[PDB]
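Below is one structure, written out as structure tokens, with a few remarks after it.
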There are 2 protein chains.
Amino acid sequence: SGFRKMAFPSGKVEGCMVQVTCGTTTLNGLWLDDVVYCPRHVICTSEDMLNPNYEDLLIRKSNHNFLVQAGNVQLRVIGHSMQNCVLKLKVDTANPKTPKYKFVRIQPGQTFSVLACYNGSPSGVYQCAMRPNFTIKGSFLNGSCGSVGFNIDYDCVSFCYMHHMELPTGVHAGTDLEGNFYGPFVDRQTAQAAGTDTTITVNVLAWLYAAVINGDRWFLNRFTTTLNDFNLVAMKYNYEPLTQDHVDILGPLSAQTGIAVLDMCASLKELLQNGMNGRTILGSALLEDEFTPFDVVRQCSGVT
Amino acid sequence: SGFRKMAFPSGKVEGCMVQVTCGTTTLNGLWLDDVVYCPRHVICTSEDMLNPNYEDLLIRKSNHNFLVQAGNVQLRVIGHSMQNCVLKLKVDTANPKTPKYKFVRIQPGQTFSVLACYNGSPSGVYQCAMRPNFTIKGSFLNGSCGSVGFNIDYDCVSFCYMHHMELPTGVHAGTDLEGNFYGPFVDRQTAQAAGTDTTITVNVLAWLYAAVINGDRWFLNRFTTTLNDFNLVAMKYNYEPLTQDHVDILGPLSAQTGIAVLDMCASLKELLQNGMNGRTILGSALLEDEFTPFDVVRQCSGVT
Ligand SMILES: COc1ccccc1OCCNC(=O)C1=CC=NC(=O)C1
Ligand SMILES: COc1ccccc1OCCNC(=O)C1=CC=NC(=O)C1
């Protein structure tokens, strides 16, 4: 028993991290097969970031201008191309530590592990959720760009995020591995509105099921609700509307605990309307939304 | 910016994990050089765990009874010995993935990463603190025994914990890598009192400094206090007494932010006496104590 904000083991991803330098800028790259992926803003200087013309900036660059180093060994760059906001540097050597991998675009509300890196070296790993507004609340300092987010299913790493920037509000924005930003964000040093965020309702319910499985039950009540009634409360408290697809994904947790999804919704409704009254759930004094129903089942079953 | 409960990258530890089977029991082992370390309770059966005679149980076992498998390859056991509550199985092959390592006994209040494993396979990584009462609030299910805790300083892994059991209260107990339990715990299936736990005051203060560095400042007030006055409040709220050694370790964070340690103590005093009033600090609605002053500096500076 016990419940933790668990990240995937980062080993398979550590073996892919490289340092990429272009001029005076150094950031992180991901070396998979004979390609290194990194944010295209590695080609920018301070004067450029306000509104860089990436096509023009990249034209002044040659294969030899991109310095790629994997630990202490230098990789030979034989090609370069820009795909959306990522640069793909073709190298003459396939990464011998390349795991089985996929590039996936995750949905808002889904979770993933981030391996924060500096100068191509891993510093730490933490579990994140892609906010409904497509930002992530990470921990990234100068030099962290090119750090990636991923999920792991047995031996396959599904890369879903590459870190590009911190918005003036202190939240983080990045792209999928094809360089498409999550959300409306552009890779420019400008004020960018991130939409209204909401709490991931299906994840809070999954976390309430994790609480019951692990022994924290004080919040269970004698009430039930309907999807319509619950959604009126979800609206008032900036929670995502619950759909039948969300109820269906909560099926296994409802079956395991014997607590019907709408009964758990009624517990969540009471917690939203009355707060915690100074109590905690799974060591938290707020409603946790960065655990999906899949995460809860995985952690509660011990999937390796 | 941003602050997360970050774990160390687990790669160096994943390459050491093995499965150890003895009879019908399977758990995790740590393969370093030509030795595999695992909890000695791998030799027990259900009837034994109420009060096992480990010396007698181990005498009925031979090198060939310990099945050690690293992924898909079987290791040949050429020796076995019990040191405190750990078994050391000598194997004929040194682990080629053995990183630089140390065995350390951490102090209560210190933090470490845990790589939860099942059947010798890593499932996840999370950051823990050794509670003042020598328990850890982990996430471990059946089969997790032998999972380890560690810290990493550049290329050196300092192994500090090996998981042995879950107490009837749902908290976790384990040993250092020499098999000495942290706390009063014994490896028996019996009710075991874990002492009164307290909140790690120096860690809460370090986390308040992390909050100021990252922009959450609402809790800063116009007051100051003394170590004596603060400790009277710490006593009332089951917080560890603050010492000058704790103030000294907070020095770098006090210097970076310009907020004197006793002024931060006065903010903490007001938060203990008045609560959060429905606000959050670094995404938490409670006072966080699982970040040491070293962790805060490391995460705020980007040490890899
Ligand atoms: C506004 O900056 C940008 C806009 C578009 C593109 C790149 C930008 O930044 C490049 C350098 N940024 C960093 O190294 C970070 C510093 C702190 N926190 C982070 O998450 C990243
Ligand atoms: C009371 O059990 C023991 C006492 C002494 C020694 C060993 C004991 O357990 C062996 C198996 N335990 C597990 O696999 C766990 C199940 C669930 N949670 C965990 O943290 C471990």
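Please note that chains go A, B, ... in the order of the structure tokens, that every chain numbers its residues from 1, and that ligands are numbered from 1 in the order shown.
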Show me, as CSV, the residues of chain A having an atom within 6 Å of chain B, each with the closest atom pair and its distance in Å, using only C-alpha atoms.
```
residue,atom,partner,partner_atom,distance
A:1,CA,B:141,CA,5.7
A:2,CA,B:139,CA,4.2
A:3,CA,B:139,CA,5.1
A:4,CA,B:139,CA,5.9
A:6,CA,B:126,CA,5.0
A:7,CA,B:125,CA,5.2
A:8,CA,B:124,CA,4.7
A:9,CA,B:124,CA,5.1
A:10,CA,B:10,CA,5.6
A:11,CA,B:11,CA,3.6
A:121,CA,B:304,CA,5.7
A:122,CA,B:304,CA,5.5
A:123,CA,B:304,CA,4.0
A:124,CA,B:8,CA,4.7
A:125,CA,B:7,CA,5.2
A:126,CA,B:6,CA,5.0
A:138,CA,B:2,CA,5.6
A:139,CA,B:2,CA,4.2
A:140,CA,B:1,CA,5.7
A:141,CA,B:1,CA,5.7
A:285,CA,B:285,CA,5.0
A:286,CA,B:285,CA,5.9
A:304,CA,B:123,CA,4.0
```
Output C-alpha atoms of each residue in that selection to a file, as a PDB file, in the first residue's frame.
```pdb
ATOM      1  CA  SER A   1       0.000   0.000   0.000  1.00  0.00           C
ATOM      2  CA  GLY A   2       0.839   3.731  -0.147  1.00  0.00           C
ATOM      3  CA  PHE A   3       0.432   6.207  -3.014  1.00  0.00           C
ATOM      4  CA  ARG A   4       3.143   8.313  -4.587  1.00  0.00           C
ATOM      5  CA  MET A   6       5.677   8.038  -9.291  1.00  0.00           C
ATOM      6  CA  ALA A   7       7.674   8.649 -12.424  1.00  0.00           C
ATOM      7  CA  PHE A   8       8.733   5.991 -14.949  1.00  0.00           C
ATOM      8  CA  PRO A   9      12.299   4.643 -14.489  1.00  0.00           C
ATOM      9  CA  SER A  10      14.359   7.061 -16.612  1.00  0.00           C
ATOM     10  CA  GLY A  11      17.194   4.721 -17.674  1.00  0.00           C
ATOM     11  CA  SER A 121      23.141  15.452 -18.384  1.00  0.00           C
ATOM     12  CA  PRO A 122      20.126  14.192 -16.457  1.00  0.00           C
ATOM     13  CA  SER A 123      19.441  15.995 -13.184  1.00  0.00           C
ATOM     14  CA  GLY A 124      16.096  14.531 -12.115  1.00  0.00           C
ATOM     15  CA  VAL A 125      12.817  12.874 -12.950  1.00  0.00           C
ATOM     16  CA  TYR A 126       9.312  13.867 -12.028  1.00  0.00           C
ATOM     17  CA  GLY A 138       7.345  21.688 -14.429  1.00  0.00           C
ATOM     18  CA  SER A 139      10.666  22.471 -12.803  1.00  0.00           C
ATOM     19  CA  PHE A 140      12.994  23.781 -15.481  1.00  0.00           C
ATOM     20  CA  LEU A 141      15.814  26.297 -15.239  1.00  0.00           C
ATOM     21  CA  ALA A 285      -4.623  18.816   1.602  1.00  0.00           C
ATOM     22  CA  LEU A 286      -6.073  19.473  -1.892  1.00  0.00           C
ATOM     23  CA  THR A 304       6.881  -3.092 -14.344  1.00  0.00           C
TER      24      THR A 304
END
```
So which residues of stretch 225-303 of chain A fall under helix (DSSP H, G or I) by DSSP, listed as a ChimeraX atom specification? /A:227-236,244-249,251-257,261-274,293-301
Could you please take those selected residues and save N, CA and C atoms as a short mmCIF file (atom, residue, chain, number, x, y, z; two decimals), in the first residue's frame?
```cif
data_model
loop_
_atom_site.label_atom_id
_atom_site.label_comp_id
_atom_site.auth_asym_id
_atom_site.auth_seq_id
_atom_site.Cartn_x
_atom_site.Cartn_y
_atom_site.Cartn_z
N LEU A 227 -24.71 12.61 -13.66
CA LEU A 227 -23.70 13.33 -14.46
C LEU A 227 -24.11 14.80 -14.59
N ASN A 228 -25.43 15.07 -14.79
CA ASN A 228 -25.91 16.44 -14.92
C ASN A 228 -25.70 17.23 -13.64
N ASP A 229 -26.12 16.69 -12.49
CA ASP A 229 -25.98 17.39 -11.22
C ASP A 229 -24.49 17.63 -10.92
N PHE A 230 -23.67 16.58 -11.02
CA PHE A 230 -22.23 16.71 -10.81
C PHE A 230 -21.60 17.78 -11.71
N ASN A 231 -21.95 17.80 -13.00
CA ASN A 231 -21.41 18.78 -13.93
C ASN A 231 -21.79 20.21 -13.62
N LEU A 232 -22.92 20.42 -12.93
CA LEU A 232 -23.28 21.77 -12.50
C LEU A 232 -22.26 22.24 -11.43
N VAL A 233 -21.84 21.33 -10.54
CA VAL A 233 -20.85 21.57 -9.48
C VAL A 233 -19.46 21.72 -10.13
N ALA A 234 -19.13 20.83 -11.09
CA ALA A 234 -17.87 20.89 -11.83
C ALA A 234 -17.73 22.23 -12.53
N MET A 235 -18.83 22.75 -13.12
CA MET A 235 -18.83 24.05 -13.79
C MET A 235 -18.45 25.16 -12.80
N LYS A 236 -19.15 25.21 -11.65
CA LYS A 236 -18.94 26.21 -10.61
C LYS A 236 -17.52 26.21 -10.07
N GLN A 244 -19.56 10.23 -20.22
CA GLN A 244 -19.69 8.79 -20.08
C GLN A 244 -18.34 8.10 -20.44
N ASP A 245 -17.54 8.68 -21.35
CA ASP A 245 -16.22 8.10 -21.67
C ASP A 245 -15.32 8.08 -20.43
N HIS A 246 -15.39 9.14 -19.62
CA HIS A 246 -14.64 9.24 -18.36
C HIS A 246 -15.17 8.20 -17.36
N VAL A 247 -16.50 8.07 -17.22
CA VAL A 247 -17.09 7.04 -16.35
C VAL A 247 -16.62 5.62 -16.78
N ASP A 248 -16.59 5.37 -18.09
CA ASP A 248 -16.18 4.08 -18.63
C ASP A 248 -14.73 3.80 -18.31
N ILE A 249 -13.85 4.81 -18.42
CA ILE A 249 -12.42 4.60 -18.08
C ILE A 249 -12.24 4.34 -16.58
N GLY A 251 -14.27 2.49 -14.88
CA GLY A 251 -14.88 1.18 -14.69
C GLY A 251 -14.07 0.21 -13.87
N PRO A 252 -12.83 -0.11 -14.29
CA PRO A 252 -12.00 -1.02 -13.49
C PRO A 252 -11.84 -0.61 -12.02
N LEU A 253 -11.67 0.70 -11.74
CA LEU A 253 -11.52 1.15 -10.35
C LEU A 253 -12.84 1.05 -9.59
N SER A 254 -13.96 1.29 -10.28
CA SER A 254 -15.27 1.15 -9.68
C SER A 254 -15.50 -0.35 -9.35
N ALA A 255 -15.11 -1.26 -10.25
CA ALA A 255 -15.29 -2.71 -10.07
C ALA A 255 -14.41 -3.20 -8.93
N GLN A 256 -13.14 -2.79 -8.89
CA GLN A 256 -12.23 -3.18 -7.82
C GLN A 256 -12.73 -2.76 -6.43
N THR A 257 -13.20 -1.52 -6.27
CA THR A 257 -13.61 -1.03 -4.95
C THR A 257 -15.07 -1.26 -4.60
N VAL A 261 -19.25 4.82 -9.83
CA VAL A 261 -18.66 6.09 -10.25
C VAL A 261 -19.48 7.31 -9.80
N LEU A 262 -20.82 7.27 -9.95
CA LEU A 262 -21.64 8.41 -9.51
C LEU A 262 -21.65 8.60 -7.99
N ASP A 263 -21.46 7.52 -7.22
CA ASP A 263 -21.32 7.66 -5.77
C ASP A 263 -20.00 8.35 -5.47
N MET A 264 -18.91 7.99 -6.19
CA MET A 264 -17.63 8.69 -5.98
C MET A 264 -17.77 10.16 -6.40
N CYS A 265 -18.55 10.43 -7.46
CA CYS A 265 -18.82 11.80 -7.91
C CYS A 265 -19.49 12.60 -6.80
N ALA A 266 -20.41 11.96 -6.04
CA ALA A 266 -21.09 12.60 -4.92
C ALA A 266 -20.14 12.91 -3.78
N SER A 267 -19.13 12.06 -3.55
CA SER A 267 -18.10 12.36 -2.55
C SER A 267 -17.30 13.58 -3.02
N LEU A 268 -16.95 13.61 -4.32
CA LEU A 268 -16.17 14.70 -4.87
C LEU A 268 -16.97 16.00 -4.81
N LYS A 269 -18.28 15.93 -5.08
CA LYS A 269 -19.17 17.08 -5.00
C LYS A 269 -19.16 17.67 -3.59
N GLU A 270 -19.27 16.81 -2.57
CA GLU A 270 -19.26 17.28 -1.18
C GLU A 270 -17.92 17.91 -0.81
N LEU A 271 -16.82 17.33 -1.31
CA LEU A 271 -15.49 17.87 -1.04
C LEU A 271 -15.30 19.23 -1.72
N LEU A 272 -15.89 19.41 -2.91
CA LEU A 272 -15.77 20.68 -3.62
C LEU A 272 -16.57 21.74 -2.88
N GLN A 273 -17.79 21.39 -2.44
CA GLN A 273 -18.65 22.32 -1.73
C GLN A 273 -18.24 22.60 -0.28
N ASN A 274 -17.57 21.66 0.40
CA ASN A 274 -17.24 21.85 1.82
C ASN A 274 -15.76 21.90 2.16
N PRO A 293 -6.69 7.41 -14.41
CA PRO A 293 -7.21 6.10 -13.98
C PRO A 293 -6.20 4.98 -14.32
N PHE A 294 -5.49 5.10 -15.46
CA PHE A 294 -4.48 4.10 -15.85
C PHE A 294 -3.33 4.12 -14.87
N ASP A 295 -2.89 5.32 -14.44
CA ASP A 295 -1.81 5.42 -13.46
C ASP A 295 -2.17 4.75 -12.16
N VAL A 296 -3.42 4.97 -11.69
CA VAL A 296 -3.89 4.40 -10.43
C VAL A 296 -3.89 2.88 -10.51
N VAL A 297 -4.41 2.30 -11.59
CA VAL A 297 -4.43 0.84 -11.75
C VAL A 297 -2.99 0.31 -11.82
N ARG A 298 -2.12 0.98 -12.58
CA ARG A 298 -0.72 0.58 -12.73
C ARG A 298 0.00 0.55 -11.39
N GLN A 299 -0.10 1.63 -10.62
CA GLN A 299 0.55 1.72 -9.33
C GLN A 299 -0.06 0.77 -8.31
N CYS A 300 -1.38 0.57 -8.37
CA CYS A 300 -2.06 -0.34 -7.46
C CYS A 300 -1.87 -1.82 -7.84
N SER A 301 -1.37 -2.13 -9.06
CA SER A 301 -1.16 -3.53 -9.48
C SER A 301 0.33 -3.93 -9.59
#
```
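Candidate residues B:199, B:83, B:151, B:175 were compared for distance to ligand 2, and the nearest is B:175, using only C-alpha atoms and all ligand atoms.
Distance-wise, atom 9 (O, counted along the ligand's line) of ligand 2 and atom CA of residue B:55 end up 17.8 Å apart.
Every protein, DNA or RNA residue with an atom at most 10 Å from residue A:46, where only C-alpha atoms count and chain neighbours fewer than 4 positions away do not, is listed here: residues 25, 50, 52 and 189 of chain A.
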Can you spit out the residues from that selection as a PDB file, in the first residue's frame, using N, CA and C atoms?
```pdb
ATOM      1  N   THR A  25      24.663  29.200 -27.768  1.00  0.00           N
ATOM      2  CA  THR A  25      23.574  28.528 -27.066  1.00  0.00           C
ATOM      3  C   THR A  25      23.803  27.023 -26.936  1.00  0.00           C
ATOM      4  N   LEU A  50      12.927  37.717 -29.552  1.00  0.00           N
ATOM      5  CA  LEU A  50      11.703  38.527 -29.499  1.00  0.00           C
ATOM      6  C   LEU A  50      10.744  38.167 -30.651  1.00  0.00           C
ATOM      7  N   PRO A  52      12.072  35.528 -33.735  1.00  0.00           N
ATOM      8  CA  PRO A  52      13.096  34.983 -34.640  1.00  0.00           C
ATOM      9  C   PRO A  52      12.540  34.555 -35.984  1.00  0.00           C
ATOM     10  N   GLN A 189       9.947  35.045 -27.447  1.00  0.00           N
ATOM     11  CA  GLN A 189       9.983  35.661 -26.126  1.00  0.00           C
ATOM     12  C   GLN A 189       8.949  36.765 -26.113  1.00  0.00           C
TER      13      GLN A 189
END
```
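The space separating atom CA of residue A:86 from atom CA of residue A:64 comes to 17.9 Å.
Across the structure, atom CA of residue A:112 and atom CA of residue B:282 are spaced 19.6 Å apart.
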When DSSP is applied to the backbone of this structure, which of stretch 69-259 of chain A are assigned strand (DSSP E or B)? Write them out as number ranges by chain. A: 69-70, 73-75, 77-83, 86-91, 100-103, 111-118, 121-129, 136, 148-153, 156-166, 172-175, 181, 199, 239
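Residues with any atom within 10 Å of residue A:76, counting only C-alpha atoms and excluding same-chain neighbours fewer than 3 positions away, are residues 63, 64, 66, 67, 68, 69, 73, 79, 89, 90, 91, 92 and 93 of chain A.
The residue that comes closest to ligand 2, out of B:146, B:23, B:99, B:71 and on the basis of only C-alpha atoms and all ligand atoms, is B:146.
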Please provide the set of residues having any atom within 7 Å of residue B:162, restricted to only C-alpha atoms, with same-chain residues fewer than 6 positions apart removed, written as a VMD selection string. chain B and resid 146 to 149 174 to 177
Selection export as a PDB file, in the first residue's frame, atoms kept: N, CA and C atoms:
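Everything below was put into result_13.pdb:
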```pdb
ATOM      1  N   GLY B 146      13.265  -5.614  -1.367  1.00  0.00           N
ATOM      2  CA  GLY B 146      14.539  -5.585  -2.062  1.00  0.00           C
ATOM      3  C   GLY B 146      14.685  -4.360  -2.938  1.00  0.00           C
ATOM      4  N   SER B 147      13.579  -3.585  -3.182  1.00  0.00           N
ATOM      5  CA  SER B 147      13.680  -2.293  -3.883  1.00  0.00           C
ATOM      6  C   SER B 147      14.566  -1.376  -3.024  1.00  0.00           C
ATOM      7  N   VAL B 148      15.388  -0.521  -3.661  1.00  0.00           N
ATOM      8  CA  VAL B 148      16.313   0.293  -2.894  1.00  0.00           C
ATOM      9  C   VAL B 148      16.090   1.799  -3.003  1.00  0.00           C
ATOM     10  N   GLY B 149      16.605   2.507  -2.006  1.00  0.00           N
ATOM     11  CA  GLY B 149      16.664   3.952  -1.921  1.00  0.00           C
ATOM     12  C   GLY B 149      18.103   4.375  -2.119  1.00  0.00           C
ATOM     13  N   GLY B 174      12.663  -0.621   6.539  1.00  0.00           N
ATOM     14  CA  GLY B 174      13.743  -1.257   5.818  1.00  0.00           C
ATOM     15  C   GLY B 174      15.082  -1.032   6.462  1.00  0.00           C
ATOM     16  N   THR B 175      16.128  -1.477   5.763  1.00  0.00           N
ATOM     17  CA  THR B 175      17.454  -1.438   6.328  1.00  0.00           C
ATOM     18  C   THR B 175      18.441  -0.594   5.503  1.00  0.00           C
ATOM     19  N   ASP B 176      19.648  -0.353   6.065  1.00  0.00           N
ATOM     20  CA  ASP B 176      20.731   0.178   5.245  1.00  0.00           C
ATOM     21  C   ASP B 176      21.263  -1.075   4.426  1.00  0.00           C
ATOM     22  N   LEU B 177      22.275  -0.903   3.575  1.00  0.00           N
ATOM     23  CA  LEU B 177      22.765  -2.016   2.744  1.00  0.00           C
ATOM     24  C   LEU B 177      23.653  -3.008   3.521  1.00  0.00           C
TER      25      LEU B 177
END
```
Quick one: everything within 7 Å of residue A:198, counting only C-alpha atoms, minus sequence neighbours fewer than 6 positions away in the same chain. Send it as number ranges by chain. A: 132, 238-240
